[PDB]
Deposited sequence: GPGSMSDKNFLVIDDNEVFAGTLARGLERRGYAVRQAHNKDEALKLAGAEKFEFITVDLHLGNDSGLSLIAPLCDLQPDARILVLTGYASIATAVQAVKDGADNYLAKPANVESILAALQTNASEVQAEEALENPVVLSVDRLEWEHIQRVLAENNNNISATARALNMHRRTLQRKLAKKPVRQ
């Protein structure tokens, strides 16, 4: 069957995604907060579920384990405008099948939900390492002040760790 649960507090985004999925033949329900997500996930069987992390006042990450318990057969994808390695690690531990940064289109969201999608994506990443172009001197200073710690340096510079690393790469 093709029942899809979209969990995101942004109802406009959620509606656009729902309409795109419906045009592809999915039957879509939306939840805009943790109460609604648990109500829905306790009432109907879903084959696919998307989960926003910054769920208004609620933690989307905190929903993943309870969702897996309610929906053991569902494929579950974190779909987030706040992407980070740290949340991706914890989301997978909690039971998420995959994790995608916004913006993503409907085709890529469906792709990311399929069996083995993560393994393909990991290989593609290893084949395509990223490098990014006075700023250099400022980052070398903050990095040295943080005992050569990119995580601490990332937080101080208000940039992603991945961005720091790509900029530091030869």
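Open item on the list: Where does the structure fail to cover the deposited sequence at the C-alpha level?
Closed with: Missing CA coords at 1-6, 140-142, 180-184.
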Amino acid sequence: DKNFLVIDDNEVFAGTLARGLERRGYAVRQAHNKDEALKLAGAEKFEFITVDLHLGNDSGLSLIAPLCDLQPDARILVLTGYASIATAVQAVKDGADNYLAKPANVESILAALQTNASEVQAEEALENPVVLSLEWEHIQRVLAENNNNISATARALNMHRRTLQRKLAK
From here on, numbers count along this sequence of modelled residues.
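- [ ] Using the B-factors recorded in the PDB entry, average over the C-alpha atoms of 100-108 and of 45-53, then report which stretch comes out higher.
- [x] Per the PDB record, 100-108.
- [ ] Taking the mean of the C-alpha B-factors per stretch from the entry, tell me the winner out of 16-24 and 142-150.
- [x] For C-alpha atoms only, the mean B-factor is higher in 142-150.
Task: C-alpha B-factor winner, where the candidates are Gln121, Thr115, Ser133, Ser62 - done: So the option with the highest C-alpha B-factor is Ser133.
TODO: Relative to the other modelled residues of the same chain, rank the CA B-factor of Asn128 and answer lowest, middle or highest third.
DONE: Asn128: CA B-factor falls in the highest third of its chain.
Open item on the list: Test of reading the entry: by CA B factor among the chain's modelled residues, which third contains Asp69?
Closed with: Ranked within chain, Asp69 CA B lands in the middle tercile.
TODO: For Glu36, return the chain-relative third of its C-alpha B-factor as stated in the PDB record: lowest, middle or highest.
DONE: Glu36: CA B-factor falls in the lowest third of its chain.
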